[PDB]
Structures are given as C-alpha cells and as structure tokens.
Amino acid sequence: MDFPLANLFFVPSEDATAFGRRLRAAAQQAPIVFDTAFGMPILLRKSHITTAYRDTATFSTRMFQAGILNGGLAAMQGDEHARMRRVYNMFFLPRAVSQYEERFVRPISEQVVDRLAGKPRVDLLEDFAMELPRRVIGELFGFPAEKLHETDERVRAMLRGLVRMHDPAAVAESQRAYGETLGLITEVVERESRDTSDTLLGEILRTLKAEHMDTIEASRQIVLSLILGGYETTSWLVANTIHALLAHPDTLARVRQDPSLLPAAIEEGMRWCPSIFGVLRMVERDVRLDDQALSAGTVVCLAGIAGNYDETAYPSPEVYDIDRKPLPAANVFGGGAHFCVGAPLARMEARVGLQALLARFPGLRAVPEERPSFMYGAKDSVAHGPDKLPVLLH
C-alpha cells in the first residue's frame, strides 16, 4: 500500500462533530490515506485539493462518463462543460432564486410545517427535511410529490453507484434504478416539453432549446439532477442544519427571534456538520503531489471538508458558533469549475424552510434521551447525516 490506512467514514456517533474531527486528525497525520471501507484514496491536504480543483486536465470528472450521469453536466469536461454550465447557471441566478422563493418555496414551506402541528412529536428528518425539497421539485416539474416519494429507494440506489464506482454491484444497481425511473423522467420531459407547458422545468427546457442545447439526453439529465440534487441532496443539508440548531437551544432561540441569522446558521452548519462525504475526481495521468504519487486512472476523493476542523482557520472547531466572521467558506459544494451549480437553491430552501419551522413552533426542542446517530450512509444515502430528528413541538 502506497498510503496509510484510515477509517474516516464508517464510524457512527451521536456527536455530529465526530466526522469533521476524524478528517482533521487524519489530515494532521498524512496528506493521503486509503480508506479501506470506502475503498479509495482520500486527499486531505488543502494545497493538494485546491491544486486538484484547478487542474482539470489532471483531475477530471470523467469517471461519470461510465455511469448514469453520462450525458449530463457533471460528466462534461473543458469547453463542453463550460457551455452547459453557463446554461444551468441561468436557472440559479439571484433574481431567479428570489422568484422561486416567492412563488414556490415560501408557500410550500408554510404548508409543510402546518402539517406537523397536530402532533406532540415528529421526526423532522422524514417529515420536514425530506418533505420540503421533494415538494419543491414536485412543483417545479408540475408533477405530484407523492409520486416522487415512491422513488426514494431508486434515488438512493442511483446515488450509491455514483460514489463508489469501483464497486460493480453498486454501479449495476445504479443503472437498474435509473432504468426503473426512466419512465417517470420521460413522462415529465414530454409533458413539460409541450409549447403549452407552464413550469420552471418548461422554461428550462425552452431555454435549453433557445441556447441550442436541447437534446432528449440533456432534458433527461436536468430532470435527473433536479431529483438527485434538488430533492435528495438538499434534504441532508436541511437535516444537518436543524440538528445543529436543536443541539444548541440557545442558538436556536436567537435564530427564531432574529431570522436574519439564518444564513450564518446554515453556513456554520456546513462547516460544523458537513452533509457530503467528499468530492470525486479521476486522475488522468501519473501525478506527484509533493512526495505522494497517484497513478493514471485512479478515482480519488478530495476531502476539502477536512479543512472544516482546521483550528488555525476556525478556533474551537467543535463549537457550533454562528457568530464566526467572516463566515466559513463552504467546502460541501466542491470547487473549481464543477462547484455545485444548484447551491443557491439549496441554500434558499434551507433558509426559507427553517424560517417557517421556527416561526410556527416556538416550543420546538429535541426529544430527550432519543439522540440521533450520525454516519455516512444514513438511510442508505451517500450523505453524512442523522438517522432521525425526533422533536417535541408543543
């Protein structure tokens, strides 16, 4: 073995900081480790990670060409990638996001939190963090949220093949699950591809055609990204933010009384309890990073989130401190040219949804003695997140 062994991902804890602390401790011992359970090298050194994000010819996203994302944005390189990213970015510009907030997200958030009011105890993971992003996507598609709820097993099977692609069983199951969702995706595209379509998805598909990029594969892939990113991945950001607040009731009270603190609560939450495992790249040629060597063809995990607990940048990093200024730079969206294009929507949903929740329930508090457990792979996902978020509402 070229690298020391590590066990960074497959350790559960009731302490949501355990993952960030493990990443930092490992980074202090070695720049690159081999995670036996996850099954690939993990880059932990900031200089290597930032270098890798910028050198896309050496560290590509081409591993996505072998699976269900082939034909989509993430699998593109170079100028092809830049052209399609410019079109996707149009849908996440500030004015567009503000319109989604007024038209979809705030009203849906109010309905989601309303549905919780008749119960003394609820699980905010299933009944809030997952529900709100699902319903937003259902309304973007002009499509029933209840029908999207039935895809959960398929969504997570799709995702598991996108993170550990050295596992042929996981890859095949991702392909199987995509094939079992293709009927739904096709129906959504065809309905919203009509000239009489009145959805954001309809506008996206028209804009795709006005920008000369409107193949059927492009339409399927934007729908797929909105399901996998817009619903599932966003849910874990909402979940981890809620936990950070529930675990710090004095901070939760401050944020309820001053909702202008919500952006900081979300950004600090991304530092304190990141919801991603890391970010994949493919090494395209033999490369040396200081005294480390990586071989052509190797898929690696960039762990920029190992900097979340760098105490030289963020003193007392195990403290959830929404007052850190400047706010910590987010590492959960990747970096360089591939930095998540959907981040503005995810951030806005977390803010608007939490604003609705905290306003509706002045009594919100974690259930004592039913502590969430945090680990990579929660609910068979590819996120670091809780298994449950039980709360008392009144």
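Residue indices: 1-based, along the sequence shown.
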Avg C-alpha B-factor, entry values, 330-338 vs 62-70, higher side is 62-70
Between 93-101 and 72-80, the record assigns the higher mean Cα B factor to 93-101
Max C-alpha B-factor within the set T181, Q257, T298, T233 falls on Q257
In this crystal structure's PDB entry, the residue among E153, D321, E173, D214 with the greatest CA B factor is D214
On the chain's distribution of Cα B-factors, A264 falls within the third called middle
Tertile call for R134 (CA temperature factor, within chain, third-based) is the middle
Tertile call for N240 (CA temperature factor, within chain, third-based) is the lowest
So, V223's CA B-factor, relative to its chain, sits in which third? The middle
Split the chain's modelled residues into thirds by Cα B-factor; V33 lands in the middle
